[PDB]
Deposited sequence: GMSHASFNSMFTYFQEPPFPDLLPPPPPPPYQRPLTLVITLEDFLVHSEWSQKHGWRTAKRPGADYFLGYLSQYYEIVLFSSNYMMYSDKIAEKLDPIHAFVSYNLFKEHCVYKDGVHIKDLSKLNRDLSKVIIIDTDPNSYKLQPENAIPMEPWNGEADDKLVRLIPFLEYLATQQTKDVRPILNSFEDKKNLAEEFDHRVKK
């Protein structure tokens, strides 16, 4: 399998985020066909965090299906460094996986945020799992920012010891809030 990204150009950390059920959510109908909603805070999340992270938007769908959705999130291409798709996943024991060791990045400096435990199966130590977004307006993206800002503003040398210090990474933003007095 090919390496997927050029060598770093620069930001101290790389943030790999899934598209489907994290930034957007799609539903099909007879009346309208496929329709896609954008989560509250998505534009701000990408715009603000791009100042601290190299952002890689890693879609779980084939390019032909999600290419345009991804583009709408950053039409002028100012925030997202790279777009990857299902074609870039490796296929192992019948599941597709976002193999971070193919990103040509130091894995002490990579975070992946995904909603499908298969996607981070090869690097669970780099992962922040998220409950899939259902399309209902919520503030979960905004709540994730303080931890991500913290990682970037403290260095950080290796994100993994901190990431894996939580009781339940699915509840990371809330636990981090209780751990820190701003």
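Novice: Any chance you could give me the deposited-sequence numbering of all the stretches lacking C-alphas?
Specialist: Deposited residues absent from the model fall in 1 to 18, 28 to 31.
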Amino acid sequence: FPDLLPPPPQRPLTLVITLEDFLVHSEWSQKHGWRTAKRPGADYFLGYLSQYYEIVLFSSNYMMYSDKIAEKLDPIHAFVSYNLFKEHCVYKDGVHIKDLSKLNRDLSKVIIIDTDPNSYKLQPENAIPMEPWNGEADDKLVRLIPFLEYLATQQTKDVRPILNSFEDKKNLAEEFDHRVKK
From here on, numbers count along this sequence of modelled residues.
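Novice: Mean CA B-factor: is it higher for 138 to 146 or for 24 to 32?
Specialist: So the stretch with the higher mean C-alpha B-factor is 24 to 32.
Novice: Would you tell me which stretch averages the higher CA B-factor in the PDB entry, 58 to 66 or 115 to 123?
Specialist: Between 58 to 66 and 115 to 123, it is 58 to 66.
Novice: Going by the deposited entry, which of 88, 109, 96, 72 has the highest CA temperature factor?
Specialist: Of the candidates given, the C-alpha B-factor peaks at 72.
Novice: Compare the C-alpha B factor of residue 46 with those of the other modelled residues in its chain, then answer lowest, middle or highest third.
Specialist: According to the entry, residue 46 has a C-alpha B-factor in the chain's middle third.
Novice: Quick one: classify residue 11 as lowest, middle or highest third of the chain based on its Cα B-factor.
Specialist: Its C-alpha B-factor, which the entry lists for residue 11, ranks in the highest third among residues of this chain.
Novice: In terms of the chain's CA B-factor thirds, is residue 84 lowest, middle or highest?
Specialist: Lowest third of the chain for residue 84's C-alpha B-factor.
Novice: Sorting the chain's modelled residues by C-alpha B-factor, tell me whether residue 103 ends up in the lowest, middle or highest third.
Specialist: For residue 103, the deposited C-alpha B-factor lands in the middle third.
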